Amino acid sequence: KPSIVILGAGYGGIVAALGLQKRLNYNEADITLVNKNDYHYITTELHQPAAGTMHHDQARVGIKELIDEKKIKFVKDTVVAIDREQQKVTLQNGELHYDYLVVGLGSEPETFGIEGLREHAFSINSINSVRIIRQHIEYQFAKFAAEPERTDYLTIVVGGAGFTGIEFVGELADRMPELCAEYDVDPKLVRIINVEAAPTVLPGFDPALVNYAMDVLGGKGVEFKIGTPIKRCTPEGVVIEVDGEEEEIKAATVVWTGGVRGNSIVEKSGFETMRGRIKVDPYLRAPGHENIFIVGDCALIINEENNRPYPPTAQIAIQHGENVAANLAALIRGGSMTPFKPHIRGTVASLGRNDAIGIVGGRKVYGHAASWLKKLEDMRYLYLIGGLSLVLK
């Protein structure tokens, strides 16, 4: 009984565990799955509960529900540290020893050292976090009617105009009429501001899609400030740099979607990391460790054709998990391992419940078609981990 420990029941981890579960028969390996919570949250949907456009219970599933307690032992606790020499993982309430290790601890926010961002701005990275964002915004809107002078209650600043930020502002723009109606609020006073340091919205994207997104969101009232970095974050708003001079936006809500880095546990444990991530070998392993595998957002891979890194996505995390399960199963039975090859299909970014943009199959995809394609691809992961049973819920 070799011991395989998987840290984090996110996309890569939960898929790795389920893969090992399907491939292996009882008493062949001792597998323990460690997670902060007893549920797995569907991270790619987290922007919707944050906005209030979807209930949060549709973005998570109970882990014990998914797995087999015989093949996999589930442990709900928080990983604190990793000791490679002792091959021991330190939790808040315990210790674990591993023969093989899988690290899938996801991302932490990258604030680029910007002042006050960690302390005063929100992140879309968990069920807890999006519930907090949602209730915070509803609270500010409730506060406005008693204090009509505080229009900063109705100002929401979204930092970063990448995939996440765009999806979020779209959800928000969809939500605004119902929210205003709910709190007796004048829609004309509401400001949703997306602030990006880069010269363009959605950098690295097809410019047609960017223009379409900017038109749709702008029509629904989103304001874009491009080429505008956030110099500072304060409890009453953000300070940005316009034309080389400081300007202030007074906003009761600031959400940071600007960047992600690998979870700090990986770097604190002495691994060599780039942006907190590990550039793994052909069999998704930490260099100079034949027993340590890295999946999801903790893993860095470079595209062969270009020379730019693959972005941290749920899709490639899923593929990471499948490959690691197959390779570990082979490794335990003394077989040989297959190298990892990413197979990246197109991805669609929603612009609300009804609209979206994407490049699918090399072809540009707008509107309801793109929206449905996204919904379908999302349904596939659900079928993958929980089957049609999960798909119905």
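A residue's number is simply how far along the shown sequence it sits, counting from 1.
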As stated in the PDB record, which stretch has the larger average Cα B-factor, 9 to 17 or 370 to 378? 370 to 378
So 336 to 344 or 46 to 54, which one's hotter by mean CA B-factor in the entry? 336 to 344
Top Cα B-factor in this entry, restricted to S129, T151, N303, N263, sits on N303
Per the deposited entry, the peak Cα B-factor within the set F122, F112, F168, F293 goes to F112
Please place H40 in the lowest, middle or highest third of its chain by C-alpha B factor as given in the entry. lowest
Sorting the chain's modelled residues by C-alpha B-factor and splitting them into thirds places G218 in the middle
Going by the entry, which third of its chain does the Cα temperature factor of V61 land in? lowest
Going by what the PDB entry lists, where does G116 fall on CA B-factor within its chain: lowest, middle or highest third? highest
Just say lowest, middle or highest third for the CA B-factor of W256 relative to the other modelled residues in its chain. lowest
